[PDB]
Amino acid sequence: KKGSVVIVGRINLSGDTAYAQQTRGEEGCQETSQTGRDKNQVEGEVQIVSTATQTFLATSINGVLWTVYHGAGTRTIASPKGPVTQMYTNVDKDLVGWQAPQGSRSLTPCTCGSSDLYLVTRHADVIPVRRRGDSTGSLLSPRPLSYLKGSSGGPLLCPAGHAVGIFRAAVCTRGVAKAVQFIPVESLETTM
């Protein structure tokens, strides 16, 4: 079969400093994927998650751990209670959700209306994005695709640290992203 998505690290957004911590290497992974059973307690708002050869991110908002379909597929996620089946799946939005793991802290949907956003990458870089549309934002500095690869599923935050959306796709030209496309938190709330 397909295995379970496996948490292999996490990104802290609490406090004053965003940072990444690796929690599981490629070795432990295989067995966790197969069983869906992961002894590890979940911490933090953003998980670094993995399938057999690829990693991406998952963000807890409103008690649901959200990520992208093009990463998770229809997969279950490994947890200390065994494989957790997806709570939400929407292929057209590229969205999947699981009940937020114990004991993740969950982000609050933003109702600020700020146009100044921040995208959190898999390395825990926090990069400024200017909101442009409902689901797009411009990068202040263009980035090569390689830099944003594996950060899908991560959060776009407002200045106060609320979730504005989930990074879905890079708006790019000839391998350079000038903007990011995301699932707005309102679309998530609608899916709920």
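Note that residue numbering begins at 1 and tracks the sequence as displayed.
Enquirer: According to the deposited model, is the average Cα temperature factor higher in 40-48 or in 149-157?
Expert: Going by the record's values, the stretch with the higher mean is 40-48.
Enquirer: Mean CA temperature factor from the deposited coordinates, higher in 98-106 or in 71-79?
Expert: Comparing 71-79 with 98-106, the higher mean C-alpha B-factor belongs to 98-106.
Enquirer: Tell me which of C29, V126, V129, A58 tops the list for C-alpha B factor in the record.
Expert: Across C29, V126, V129, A58, the entry lists the biggest C-alpha B-factor for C29.
Enquirer: Compare the C-alpha B factor of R168 with those of the other modelled residues in its chain, then answer lowest, middle or highest third.
Expert: As the PDB entry reports it, the C-alpha B-factor of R168 lands in the lowest third of its chain.
Enquirer: Once the chain's modelled residues are ordered by C-alpha B factor and cut into thirds, is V8 in the lowest, middle or highest one?
Expert: Its C-alpha B-factor belongs to the middle third of this chain's values.
Enquirer: Please rank the C-alpha B-factors of the chain's modelled residues and tell me whether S114 sits in the lowest, middle or highest third.
Expert: CA B-factor rank for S114: highest third.
Enquirer: With respect to C-alpha B-factor, does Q22 fall in the lowest, middle or highest third of the chain as deposited?
Expert: CA B-factor rank for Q22: lowest third.
Enquirer: Quick check on the deposited entry: does the C-alpha B-factor of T136 sit in the lowest, middle or highest third of its chain?
Expert: According to the entry, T136 has a C-alpha B-factor in the chain's middle third.
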